[PDB]
Structure formats: C-alpha cells, structure tokens
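> Build me a structure from this.
(chains A and B)
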Amino acid sequence: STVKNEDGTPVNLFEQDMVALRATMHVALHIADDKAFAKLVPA
Amino acid sequence: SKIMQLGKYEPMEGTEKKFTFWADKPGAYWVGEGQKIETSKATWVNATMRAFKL
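Residues are numbered from 1 along each chain as shown, chains lettered A, B, ... in the order given. Pasting the structure now:
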C-alpha cells in the first residue's frame, strides 16, 4: 500500500510479477539511572 | 445399415446422452516490465442426444 503505480493504484506483487523482502526486529532500551551520564559541549 | 457403416458409434446406457466441448480458449497479453497482467477466460458448450424405439 505504501508504493503506488503510475495510475495511483497500489502495487500488487502477484498481479504485477514482483518480489519483496521484509526485515523486522524488536529492540528495547532502558536507562537504569538518569544521573549516570554527563556531557561536555563547546562554549 | 449405412448409418452404422459410415457414422461414429457412441456407448449409451440410458435413453439420453450428454456431450460437453471446449469453445473458448484464453487470450494472451504482452505486458511491460512490472505492468498488471490482464486476466483471460475459458468457455465450454453442451449438446445432447436421445433414443427412439422401432
């Protein structure tokens, strides 16, 4: 649905003879202590 | 019987017989790379024959 033919119709992989690869991953992040980090910045 | 001489026999158990034949065959399309492939269609037709008693 996120790619459209010239005529504006959505791409159909079967009726249009196409192949497509999907890659997916799940990732989670947590800061255990908001105070444990510091930054040096140019004045 | 000259009909039995020239014609084709057909095994017929009942007093009636059914025939079915292809009539239409699908078309074919030139399609550009990645173009939509147009559909096509097959078709058939039926015929029948019945017996009489001498």
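> Quick check: residues of chain B near chain A?
Taking Cβ under 8 Å from any Cβ of the partner chain as the contact definition, chain B meets chain A at B:31, B:34, B:35, B:36, B:37. Any C-beta I mention is one placed from the backbone N, CA and C, and that applies to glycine too.
> and which of the residues you listed is nearest to residue A:9?
Of all the residues of chain B next to chain A, the one sitting nearest residue A:9 is residue B:36; the distance, using Cβ to Cβ, is 8.0 Å.
> Can you get me a residue count around that closest one?
Residues contacting residue B:36 under the criterion other Cβ atoms under 10 Å in any protein chain shown number 16.
> Help me confirm that residue B:27 comes into contact with residue B:42.
No - between residue B:27 and residue B:42 there is no contact, the gap being 10.5 Å when judged by Cβ atoms under 8 Å.
> Please list all residues in contact with the residue lying closest to residue B:28 once chain neighbours are set aside.
Sequence neighbours aside, residue B:40 is the residue nearest to residue B:28 in space, at 7.2 Å (criterion: Cβ to Cβ, 6 or more residues apart in numbering or on different chains). Residues in contact with residue B:40, defined by Cβ atoms under 8 Å, 6 or more residues apart in numbering or on different chains, are B:26, B:27, B:28, B:29.
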